[PDB]
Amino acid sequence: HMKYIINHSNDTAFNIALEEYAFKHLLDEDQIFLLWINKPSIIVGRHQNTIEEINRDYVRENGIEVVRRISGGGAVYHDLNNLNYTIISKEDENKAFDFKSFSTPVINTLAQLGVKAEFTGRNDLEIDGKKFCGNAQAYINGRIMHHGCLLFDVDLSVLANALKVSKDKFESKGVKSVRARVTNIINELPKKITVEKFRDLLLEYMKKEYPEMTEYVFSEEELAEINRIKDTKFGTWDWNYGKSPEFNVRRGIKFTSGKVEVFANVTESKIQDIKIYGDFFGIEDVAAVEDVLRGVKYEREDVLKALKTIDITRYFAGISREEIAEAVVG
């Protein structure tokens, strides 16, 4: 049960709904691959405090969509020259279909085109030391998604104009990360082609690599369900931005591997409710950490103790339990 999906819409909210539908709803297909393209868009991480990150007037003046995705991390700019990829797989020790496995097809497609690309660390591809691809992983029970962006000819100047600096205070508790080197594929190609051509060469490669893989074609009924998810999630303010929580405490700390913003309601010296925002990356939803902290004593020691009962690396990559405790409580 290995499939690809062809989706040529540029409707950001529709596209993201369709990807989620494949990830969460096409459970009889063990491996799913797709390539797709959004119109100009700021895509925000699953836990970002959207209202405090977006330049409202810029995105409005310029017609840019704002949609929250279902993986962690920070804000990303999409345009018609940003090629999105999606790799979905049933969790199975005896069969790996993931970013690593896609990376060879990308490298080889590019080598056909006269371009030497390299797989660096874990979650990016490079050309001459410059990153043109950035991967992120999401995990639900028994199912893994690796998804990301291939920079084909993106306008790299827009993001900085579309984002703002919050007036809310953050303690800056570390050093800042080094500025990465990025490039667009089109600039590295000896001969010019379009992003659509590149997309189709990649798919043609995938088909050659996996002769088993056939097209999954959505029925009218599935398309309806997909649009329902668009109408109730990715097309809504409640999802993309969302309601403020009940809180009598707010804290904010910027760590090297991410900003962490904590809104806690503390009653009778205990965590009555808590909600955590930020641009930290974790493979799984931070709700699980909120859940373990609820009813805990609002003291550093007790919060820390609770955090040592879970795998912190699933939720905050590169940030320690001690650091998260500090974000939660003084």
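Start at 1 and count along the sequence shown; that's the residue number.
Participant: Return whichever of 77-85 and 169-177 has the greater mean Cα B factor according to the PDB record.
Facilitator: Result of the comparison: 169-177.
Participant: For the stretches 123-131 and 141-149, which has the higher mean C-alpha B-factor as given in the deposited record?
Facilitator: Result of the comparison: 123-131.
Participant: Test of reading the entry: by CA B factor among the chain's modelled residues, which third contains residue 40?
Facilitator: According to the entry, residue 40 has a C-alpha B-factor in the chain's middle third.
Participant: Which third of the chain holds residue 222 when residues are ordered by C-alpha B factor: lowest, middle or highest?
Facilitator: It belongs to the middle third of the chain when residues are ordered by C-alpha B-factor.
Participant: Sort the modelled residues of this chain by their C-alpha B factor and say whether residue 327 lands in the lowest, middle or highest third.
Facilitator: According to the entry, residue 327 has a C-alpha B-factor in the chain's highest third.
Participant: Per the entry's values, where does residue 265 land by CA temperature factor relative to the rest of its chain, in the lowest, middle or highest third?
Facilitator: Middle third.
Participant: Sort the modelled residues of this chain by their C-alpha B factor and say whether residue 197 lands in the lowest, middle or highest third.
Facilitator: Ranked within chain, residue 197 CA B lands in the lowest tercile.
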